[PDB]
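Taking the form deposited in one PDB entry, here's one chain by itself in structure tokens.
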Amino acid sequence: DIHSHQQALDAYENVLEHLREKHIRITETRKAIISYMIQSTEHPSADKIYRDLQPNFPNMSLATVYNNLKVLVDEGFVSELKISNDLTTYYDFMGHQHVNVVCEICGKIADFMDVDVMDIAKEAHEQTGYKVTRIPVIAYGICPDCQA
């Protein structure tokens, strides 16, 4: 659903804002899972997430990973999927972000909600083998007032 935070926000800061708005608890474990999911090449299984994060989180169980994933799914920031003939569920961080457009004439700035930059990081990794670290984006255009 289309909305604004009156500023650009990356996927990570976006989720945290949305959760705070909904008065949802945000632990360090939850932040770590969110950050891992965002930065992830693949669509990791819960076990993958767990195995990669456990060493830095002593009180973490697999149950903790699944429980957090359920909340992120229910709040619409990750999606669950299965592939054919495979019993494991795979998780995909698909949370949106907010990016700026600048008027090339009057320099006025507006923001918009984006879900496509994620698919670019994936297309890049698939074709090139790079582990994608960041894809910083800003759009340029002509604001409605300058179109008139």
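Counting begins at 1, following the sequence as shown. For clarity, a rigid core is taken as the largest C-alpha set superposing within 1.5 Å between two forms.
Taking only CA atoms, the mean B-factor in the PDB entry is higher for 40-48 than for the other of 61-69 and 40-48.
Across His98, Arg30, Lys82, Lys122, the entry's maximum B-factor at the CA atom is seen for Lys122. When all modelled residues of the chain are sorted by CA temperature factor, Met94 is found within the highest third. Among all modelled residues in its chain, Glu126 ranks in the highest third by Cα B-factor. The entry lists a Cα temperature factor for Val15 that places it in the lowest third of the chain's modelled residues.
Among all modelled residues in its chain, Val117 ranks in the middle third by Cα B-factor.
In this PDB entry, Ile34 carries a Cα temperature factor that places it within the lowest third of its chain's modelled residues.
Although it is not shown, the form deposited in another entry is what the next lines describe.
In the core-superposed comparison between this form and the one not shown, the C-alpha atom of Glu21 has shifted by less than 2 angstroms.
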